[PDB]
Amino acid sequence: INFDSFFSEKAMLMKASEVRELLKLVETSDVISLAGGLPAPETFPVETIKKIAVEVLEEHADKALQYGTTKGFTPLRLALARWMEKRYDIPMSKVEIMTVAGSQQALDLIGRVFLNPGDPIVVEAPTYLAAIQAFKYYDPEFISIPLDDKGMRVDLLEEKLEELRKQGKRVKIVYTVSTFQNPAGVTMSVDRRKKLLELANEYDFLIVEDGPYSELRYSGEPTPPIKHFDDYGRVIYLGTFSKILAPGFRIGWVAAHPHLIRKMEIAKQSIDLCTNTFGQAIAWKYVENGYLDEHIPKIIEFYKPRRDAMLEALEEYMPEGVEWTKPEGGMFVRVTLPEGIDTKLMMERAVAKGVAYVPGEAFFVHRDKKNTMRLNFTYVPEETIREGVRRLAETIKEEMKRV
């Protein structure tokens, strides 16, 4: 049987050889990996989860195990609306909540609901790889905007929007991981958040704010989600239980205008019918009964030291010519090497010295920048982080000699 002849056009394109190649290197024996994107299992509130699971099965079995609505388990959606309104002072008048099988599904749904081939969509450069993967399927025109210490360069965005306007072109969506960005670790300043919203009205586009780390600030001044400043529904906010509960439940939520939620709901129905109800019932109690609020500080207390250890090790071992972001939360740090260095090609040399990272090329729509890398500090203890950074520094010193 020739199976290839059955595949659709989009299926013929998609492939994952490069992710397999990277996994092969990262999993090599005797390698300290700083290339992961996973939360630390020590942060999973297992005892709390066990207690709630039992509670749900004893008092809410039928609703927790039966098919649910596509929009999502109402008690959870209501608890999330209340929690968000309170924690971020979000104007809720034009806000409705729907749950999704992880924020990832929201990304795919945003693609289905808003993107026609060729539609211009703005993403940061670099940006979340899974977002690029989700949107690319819909073949939009990717417009990338650089970042700096204060996140997306909204000044450059405005210039690009004007240029596009003059070309009779329009941007439908501006996608931003506004706080503790994956992969850069930078955070959009409040002044830029307000400006982005102004631009959204001026150039009439919608903002997709991915907020997976909104609850994980370890230091610096709080930066309210862009959604907090949204009074009309210009922002589609994506939250997730992945980093504040556990990735396993595959439960995320979308806070947006009813008109958008209804469309996303219709699109979701044919994809998976509903988000898993058992996990939703558990998340319901987790949020409504105060467990989430009690656990967040514990997560911060666990990650902060690892964040500090990585920044301290970089300062201690990295040679001159190397720069890195200073994340005030989240799980990632971006390291930038001198121009001319290809961190993808240097990978095997890093692995040879016992360390792994994610070559930065992948986080760029066109994979045009090659001297950066993403490091992770959540998954490994402080000493391992230091040893890992030490090995990476030697790798870099040697790479710098090549040319």
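A residue's number is simply how far along the shown sequence it sits, counting from 1.
When the two stretches 123 to 131 and 189 to 197 are set side by side, the higher mean Cα temperature factor goes to 189 to 197. Here 359 to 367 and 49 to 57 are compared by their mean Cα B-factor, and 359 to 367 comes out higher. Going by the entry's values, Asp139 shows the largest Cα B-factor out of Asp210, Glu328, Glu215, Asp139. As recorded in the entry, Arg170 carries the highest CA temperature factor of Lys298, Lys71, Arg170, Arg306. In this PDB entry, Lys63 carries a Cα temperature factor that places it within the highest third of its chain's modelled residues.
Ranked against the other modelled residues of its chain, the C-alpha B-factor of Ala350 as given in the entry falls in the lowest third. In the PDB entry, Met92 places in the highest third of its chain by CA B-factor. Per the PDB record, residue ranking by Cα B-factor puts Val254 in the lowest third of the chain. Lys227: CA B factor in the lowest third of modelled residues in this chain (values from the PDB entry).
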